[PDB]
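Undergrad: The listed protein sequences derive, respectively, from chains E and Y.
So in the numbering used here, spot 12 of the first sequence is number 423, and the numbers just go up one at a time.
So in the numbering used here, spot 62 of the second sequence is number 473, and the numbers just go up one at a time.
I am attaching a structure below and will ask some questions about it afterwards.
Number of protein chains: 2
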Amino acid sequence: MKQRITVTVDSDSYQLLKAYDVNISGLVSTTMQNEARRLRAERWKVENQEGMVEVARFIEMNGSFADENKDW
Amino acid sequence: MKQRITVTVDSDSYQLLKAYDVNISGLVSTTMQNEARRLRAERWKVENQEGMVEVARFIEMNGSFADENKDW
């Protein structure tokens, strides 16, 4: 069978991601796999932060691109 | 008005999170806000499946506690 899990966004941030990469629906269940794997009843944290992205800072920014071709 | 993002999981990991924390739908859009600001998603889904969490016995179930638990 299947389970329809739907977060009615438009107001929530979902739109932002899909607004620039409407490839999250799958992500939804993916973001869980991570929170799922790590899921094991007991879970600590307190304070975690080291490297941020790598071990200094990298990432790549092109500027400001939406995600639509529009009409022309 | 609103946008219905429906990731019919049941098979996907979504269920894994709701199975032990059915507090993701709203979360979905949250994970986006972070992936929205930073707008730097990633591509790395699953490869194959297992089809056996353990190996002993696990016939059709209806539920009892949490969502898919037994006792503790």
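All residues carry an ideal CB built from backbone N, CA and C; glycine is no exception.
Which first and last residues belong to the alpha helix (DSSP H) in which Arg415(E) is found?
TA: Within the first sequence, numbered from 1, the residue matching residue 415(E) stands at position 4. No alpha helix (DSSP H) holds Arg415(E); the beta strand (DSSP E) holding it covers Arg415 to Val420.
Undergrad: Just to confirm my understanding: we take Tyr431(E), look at its own chain, exclude 5 residues before and 5 after, and list those with CB closer than 8 Å. What are they?
TA: Within the first sequence, numbered from 1, the residue matching residue 431(E) stands at position 20. Cβ neighbours of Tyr431(E) beyond the five flanking positions: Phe476, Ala477 and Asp478.
Undergrad: Going by alpha carbons, who is nearest to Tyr425(Y) out of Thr419(E), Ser424(E) and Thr441(E)?
TA: One-based indexing of the second sequence puts residue 425(Y) at position 14. Selected option, being the one with the closest Cα: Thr441(E).
Undergrad: Given a cut-off of 8 Å on the beta-carbon distance, is the pair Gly437(Y) and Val439(E) in contact?
TA: Indexing the second sequence from 1 puts residue 437(Y) at position 26. Indexing the first sequence from 1 puts residue 439(E) at position 28. No; because the gap between Cβ atoms is not below 8 Å, this pair is not in contact.
Undergrad: When you compare the CB positions of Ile416(Y) and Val457(E), do they come within less than 8 Å of one another, or not?
TA: Walking along the second sequence from the start, residue 416(Y) turns up at place 5. Walking along the first sequence from the start, residue 457(E) turns up at place 46. No, the Cβ-Cβ distance between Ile416(Y) and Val457(E) is not below 8 Å.
Undergrad: Which residues, in order along the stretch 434 to 463 of chain Y, keep a beta-carbon less than 9 Å from a beta-carbon of chain E?
TA: From the stretch 434 to 463 of chain Y, only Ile435, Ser436, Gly437, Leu438, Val439, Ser440, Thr441, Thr442, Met443, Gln444, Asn445, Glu446, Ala447, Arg448, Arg449, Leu450, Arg451, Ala452, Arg454, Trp455, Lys456 and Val457 have a Cβ closer than 9 Å to chain E.
Undergrad: To the nearest whole angstrom, what separates the beta carbons of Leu428(E) and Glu461(Y), a pair I think is in contact under 8 Å?
TA: Along the first sequence, read from residue 1 onward, the residue named residue 428(E) stands at position 17. Along the second sequence, read from residue 1 onward, the residue named residue 461(Y) stands at position 50. The Cβ separation is near 29 Å, so there is no contact.
Undergrad: Starting from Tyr425(Y), follow the alpha helix (DSSP H) in both directions and report where the run begins and ends.
TA: Looking up residue 425(Y) in the second sequence gives position 14. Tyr425 to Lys429 is the span of the alpha helix (DSSP H), which, as asked, contains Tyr425(Y).
Undergrad: Is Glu458(E) helix, strand or coil when you go by DSSP?
TA: The sequence position of residue 458(E) within the first sequence is 47, counting from 1. Coil, per DSSP.
Undergrad: Give every residue of the same chain whose Cβ lies closer than 8 Å to the Cβ of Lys481(Y), excluding the five residues on either side of it in the sequence, and list them in chain order.
TA: Translated into the one-based positions of the second sequence, residue 481(Y) becomes position 70. Hits under 8 Å: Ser475.
Undergrad: Along chain C, in chain order, which residues have C-beta atoms closer than 7 Å to that of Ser424(Y)?
TA: Absent from the structure is chain C; the protein chains it does hold are E and Y.
Undergrad: What number of angstroms, rounded off, separates the C-alpha of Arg451(Y) from the C-alpha of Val466(E)?
TA: Residue 451(Y) sits at position 40 when you count from the first residue of the second sequence. Residue 466(E) sits at position 55 when you count from the first residue of the first sequence. Straight-line Cα distance between these residues: approximately 17 Å.
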